[PDB]
Undergrad: 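My structure is below; once you've seen it, I'll send some questions.
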Amino acid sequence: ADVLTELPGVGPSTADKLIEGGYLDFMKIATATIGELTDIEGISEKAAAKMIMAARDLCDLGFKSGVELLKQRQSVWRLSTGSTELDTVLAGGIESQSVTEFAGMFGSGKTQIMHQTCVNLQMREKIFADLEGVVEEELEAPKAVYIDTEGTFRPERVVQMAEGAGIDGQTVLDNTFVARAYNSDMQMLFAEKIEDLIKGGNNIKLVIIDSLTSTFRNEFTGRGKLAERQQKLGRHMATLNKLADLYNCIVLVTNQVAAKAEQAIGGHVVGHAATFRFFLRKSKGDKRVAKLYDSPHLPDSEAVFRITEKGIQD
Ligand SMILES: Nc1ncnc2c1ncn2[C@@H]1O[C@H](COP(=O)(O)OP(=O)(O)NP(=O)(O)O)[C@@H](O)[C@H]1O
Ligand SMILES: [K+]
Ligand SMILES: [K+]
Ligand SMILES: [Mg+2]
Ligand SMILES: [Mg+2]
């Protein structure tokens, strides 16, 4: 909560050193380790350890039970996918504080969904939040981040889907950041730099990685370099899950498939990391099917939807 000086033991001198290391939120310090804090100029161990304990205390991070357990869950807001059936399968829409994955063959609509959500983000009617655990000024001026990994982002389609929704296409584009990553290093660094955007006053509420694994699969082809691949992707996933919790934003990723009828690539690292997993498949014409096959509290379910000039519908 921006004012670091409210932290016991942290005065203006100390507060200065911190804002530098990217630390400028109470949660960020409460979830830090002594090591990553002492890496800053003159921040000792006892100080780093003490402020970490104070931050946790401040953000009240302890044992919770009963009604408090339900309150915590009220901070999760959801974004509509444009499909009534898909929204009902997600039990509302896409959840914040989680990583949800859309895997599927070519043309199954993975990228279309990514584009639609950028548009939907700019429509308060598309956002479903509990007033009890989410203040409106927290949803104010929401922005999306699209990490394009294959070069498929299309300003045109966002605009078209915007018209189809009834918003201004330019509006959506002005509130959507797009970073073209040519490799896993750029992909991972862009994800870690999302903090600097929030630091610059941007309210990042939607983070998209399309595609989540194409770079890794192409950079570590040899299978005697699989442990290598999984390790780097594991750090990426952790970075993604953390920023989803910390900034109460939704992280959305797409995944390709491979035979072995098919399964999303990325191995275990992606399996455990993604909270909601979907398989997208084609049907007749513009019809598509979204199969939820993994989640912590929802049963497997299918949703039929369409891809049209308007975008995602039905
Ligand atoms: N402007 C449009 N109007 C109607 N349909 C469209 C439009 N743009 C794209 N589509 C449809 O979207 C389908 C492909 O969607 P897309 O999201 O790119 O697939 P994908 O899952 O990302 N596959 P891949 O690129 O291999 O990863 C097409 O084959 C078109 O029928
Ligand atoms: K394609
Ligand atoms: K593609
Ligand atoms: Mg989470
Ligand atoms: Mg695609």
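For the single chain, residues carry numbers from 1 onward in sequence order. FYI, side chains are in, hydrogens and waters are out, and symmetry mates aren't considered; it's all heavy atoms of this structure. All ligand and atom numbering here is 1-based and tracks the order in the structure.
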Undergrad: Identify which one of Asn120, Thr117, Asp87 satisfies the side-chain hydrogen bond (donor to acceptor under 3.5 Å, both in side chains) criterion when paired with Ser80.
TA: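 Filter result, single survivor: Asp87.
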Undergrad: Looking only at side-chain N and O atoms, does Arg217 offer a donor or acceptor that is under 3.5 Å from a partner on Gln256?
TA: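 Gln256 vs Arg217: donor-acceptor pair found between side chains.
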Undergrad: In terms of ring plane angle, is the pair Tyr146 and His115 parallel, tilted or perpendicular, where the classes change at 30° and 60°?
TA: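 Perpendicular: the ring planes of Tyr146 and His115 meet at over 60°.
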Undergrad: Name all pairs fulfilling the salt bridge (charged side-chain N to carboxylate O under 4.0 Å, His left out) condition that reach into residues 188-205, sequence neighbours left out, sorted by first residue then second.
TA: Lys28-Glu195
Undergrad: Does CD in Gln231 sit with more than 12 non-hydrogen atoms of other residues, nucleotides or ligands closer than 6.0 Å?
TA: no
Undergrad: Any N/O/S atom of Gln97 sitting less than 2.8 Å from the Mg ion (ligand 4), backbone or side chain?
TA: yes
Undergrad: Mind checking what residues have non-hydrogen atoms under 4.0 angstrom from ligand 1?
TA: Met105, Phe106, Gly107, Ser108, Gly109, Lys110, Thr111, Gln112, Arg157, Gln160, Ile307, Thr308, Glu309
Undergrad: Less than 4.0 angstrom from a charged side-chain N to a carboxylate O is my criterion; do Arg73 and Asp130 meet it?
TA: no
Undergrad: Can you name the N/O/S atom of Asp245 that is nearest the Mg ion (ligand 4)?
TA: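 Considering only N, O and S atoms, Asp245 comes nearest to the Mg ion (ligand 4) through OD1.
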Undergrad: Can you confirm whether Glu137 is buried at CD, in the sense that more than 12 heavy atoms of other residues, nucleotides or ligands lie under 6.0 Å from that atom?
TA: no
